[PDB]
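Positions of Cβ are backbone-derived with ideal geometry, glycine not excepted, and every protein chain shown enters the neighbour counts. A short reminder: the numbers here are calculations on the coordinates, not readings from a lab.
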Protein chains: 2
Amino acid sequence: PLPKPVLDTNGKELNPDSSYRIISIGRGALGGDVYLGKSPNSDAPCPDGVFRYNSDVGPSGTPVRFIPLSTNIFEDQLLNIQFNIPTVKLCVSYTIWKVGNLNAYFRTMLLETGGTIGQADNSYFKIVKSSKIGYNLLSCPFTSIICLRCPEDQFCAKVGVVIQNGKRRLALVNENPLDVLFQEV
Amino acid sequence: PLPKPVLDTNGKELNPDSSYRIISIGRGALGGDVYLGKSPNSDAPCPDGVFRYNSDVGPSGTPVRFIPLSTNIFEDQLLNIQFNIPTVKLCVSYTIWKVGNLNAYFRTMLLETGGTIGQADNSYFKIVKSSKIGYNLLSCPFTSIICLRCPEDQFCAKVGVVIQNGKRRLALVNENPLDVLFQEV
């Protein structure tokens with residue numbers, strides 16, 4: 001059952017101290033890197049939404065880092081994902097990835113910032129290798145609650161995209177999970 | 001795999017058109033029936049919290065009814081639980097049982113009203129026979145999302161009690177699920 005490290009674009013294992021852009025290998029329209037953005041009509045003082053660009057010719061994605069629970073980043077393990085940007089203090093809260101409350105309109109939960117690090121709230125994610133090529137993010141929210149007969153009593157869902165206000169919003173999906181790669185800086 | 005009906009205090013199968021108090025067989029301090037109550041400092045125009053009384057000598061619980069997805073009420077099936085009381089219109093929304101957003105303080109979700117009937121939001125519950133005596137409520141929120149490898153891709157959690165502002169608040173628990181019986185009116 002030996003823990004396998006997640007790996008970057010260069011093949012080198014993922015490192016807590018490093019920074020990575022979460023990139024697609026999608027060509028053209030199918031490409032687009034993950035970035036921090038303002039949410040459609042957000043009350044939030046900072047940008048709090050989690051998006052990807054629309055085409056590969058879009059700007060480079062926002063860097064993020066990974067904070068595991070141990071000292072290493074393995075596949076299939078709870079961890080936190082935090083945009084790594086310099087910032088004004090009000091905003092430092094709003095870099096940590098989080099899964100939002102059920103959005104009735106979309107019938108699922110969107111990814112946003114202002115999560116917390118090291119706690120069993122909405123801020124937990126997993127990395128897993130894609131059924132195709134590259135990696136998939138899962139959200140395992142509510143690990144503080146027993147998921148009856150679920151694997152390890154946890155509820156997890158694959159992360160995908162929904163189109164909110166014509167952008168690409170990262171949300172929980174059931175199929176077509178976002179395939180990603182991690183490209184060190 | 002033959003569907004089994006849930007049963008009332010008299011032994012008679014549970015009926016959609018009927019009303020029931022959700023009662024405990026707890027003696028004295030251990031007793032207390034489920035009722036509709038105002039939530040600690042609620043912004044809500046109506047009472048929106050789901051409570052049980054503190055002792056068996058407390059008043060009779062609030063009647064509720066069950067709205068299945070078929071025409072029958074079986075164990076282990078998604079359904080809606082709605083307080084059955086006459087009401088002013090503003091409030092008719094706030095009878096349907098619902099599971100709230102993660103409450104960070106309690107580290108779980110509380111039961112409240114203003115859920116919806118017939119949709120895969122936070123308003124879904126299951127009835128199951130208790131490992132002890134009587135029945136347990138489960139909440140299966142988020143059935144619109146695949147729970148990876150979970151039973152039937154659903155996330156479910158047992159319903160219990162937490163002490164909020166010194167009352168008994170129905171919430172999602174991991175152990176000591178509330179044992180209940182359904183007593184027709």
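Rounded to the nearest 20 debye, what is the charge dipole size of the protein assembly as shown about its Cα centre when +1 sits on each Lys and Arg Cβ and -1 on each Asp and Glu Cβ?
In total the dipole reaches around 220 debye.
Can you tell me the relative contact order of segment B:1-133? Whole percent, Cα pairs under 8 Å, sequence separation 6 or more.
Contact order relative to length: 21 percent.
Add +1 for every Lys or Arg and -1 for every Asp or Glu among the other residues with Cβ under 9 Å from the Cβ of B:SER60, and state the total.
Once positives and negatives cancel, what remains is 0.
Among rounded, prolate and oblate, which fits segment B:59-121 when a ≥ b ≥ c are the square roots of the eigenvalues of its C-alpha gyration tensor, a/c under 1.5 means rounded, and a/b larger than b/c means prolate?
The shape class here is oblate.
Taking only the alpha carbons of the protein assembly as shown, what extent do you get along each of the three principal axes, in Å, biggest first?
69, 44, 36
Order these by the 10 Å Cβ neighbour count, fewest first: B:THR95, A:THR9.
With the sparsest Cβ surroundings first, the list reads A:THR9, B:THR95.
What net charge do the residues around B:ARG168 carry, taking every other residue with its C-beta under 11 Å from that of B:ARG168, with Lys and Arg at +1 and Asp and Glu at -1?
My count for the surroundings of B:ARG168 gives +2.
Out of residues 5 or more away from B:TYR35 or on other chains, whose amide H comes under 5 Å of its own, with H placed 1.01 Å from N in the peptide plane?
B:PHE51, B:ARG52, B:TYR53, B:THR62
If I build a Gaussian network model for chain B, linking alpha-carbon pairs within less than 10 angstrom, which residue out of B:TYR124, B:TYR53, B:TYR105 has the largest mean-square fluctuation?
Answer for the Gaussian network model of chain B: B:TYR105.
Which pairs, out of B:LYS4/B:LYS158; A:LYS98/B:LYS132; A:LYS126/B:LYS158, put more than 31 Å between their alpha-carbon atoms?
A:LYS98/B:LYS132
Indicate the gyration tensor shape class of chain B (rounded, prolate or oblate), computed on the Cα atoms with a ≥ b ≥ c the square roots of the eigenvalues: a/c under 1.5 is rounded; otherwise a/b larger than b/c is prolate and the rest oblate.
The shape class here is rounded.
Can you find, among A:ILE85, A:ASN165, A:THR113, the residue farthest towards the positive end of the dipole of chain A? Put +1 on the C-beta of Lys and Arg, -1 on that of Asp and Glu.
Of the listed residues, the answer is A:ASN165.
Could you work out, residue by residue across A:103-113, how many beta carbons of other chains sit within 10 Å of that residue's beta carbon, and then give the average as an integer? Walk me through the intermediate numbers first.
Values: counts 0, 5, 0, 1, 6, 3, 3, 0, 0, 0, 0.
Mean shielding count: 2.
Under a point-charge model restricted to the Cβ atoms of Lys and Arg (+1) and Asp and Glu (-1), what is the dipole moment magnitude of chain B relative to its Cα centre, in debye to the nearest 20?
The calculation lands at about 360 debye.
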